[PDB]
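Structure, as structure tokens:
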Amino acid sequence: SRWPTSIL
Amino acid sequence: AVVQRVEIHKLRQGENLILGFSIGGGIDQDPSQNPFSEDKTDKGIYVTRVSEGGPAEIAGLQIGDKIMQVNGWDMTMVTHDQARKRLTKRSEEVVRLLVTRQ
């Protein structure tokens, strides 16, 4: 929410 | 923490070369929100998820690993997007990660 993650 | 060196061979998935893991962190993010770091001032790039059977898993990457370098490029003081871009260069099928693991 306040800490995005990204799929790689 | 213990230093590990992993060599990921990306998988072709449509037009893209994918790595099979997710990242959180970066100098532009709130380090206090990182559930994986020992030190909550650590603004580094962390592995937040690993796809079962994917390139990252096969290479030995584990959830919670801190990414120190990708192909010799320093990852300790980059933004989240800069990290994403470094890991996903379409011209690079093989990426070597220097990580630390608790």
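Residue numbers (the deposited numbering), protein chains in the order written: chain C, 3 to 10; chain A, 12 to 113. The C-beta atom is built at its ideal place from N, Cα and C for all residues, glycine as well.
- Remark: C-beta atoms of residue 67 (chain A) and residue 19 (chain A) approach each other more closely than 8 Å.
- For residue 90 (chain A), no chain C residue has a Cβ inside 7 Å of its Cβ, as the nearest lies near 11 Å away.
- Residue 47 (chain A) is outside the set of residues whose beta carbon lies under 8 Å from a beta carbon in chain C.
- Straight across, the Cα-Cα distance linking residue 60 (chain A) with residue 17 (chain A) is about 16 Å.
- DSSP, read as helix, strand or coil, puts residue 69 (chain A) in helix.
- Between residue 53 (chain A) and residue 45 (chain A), the C-beta spacing is below 8 Å.
- Runs of beta strand (DSSP E) with 3 or more residues, each lying fully within the stretch 73 to 98 of chain A, are found at 77 to 81, listed in chain order.
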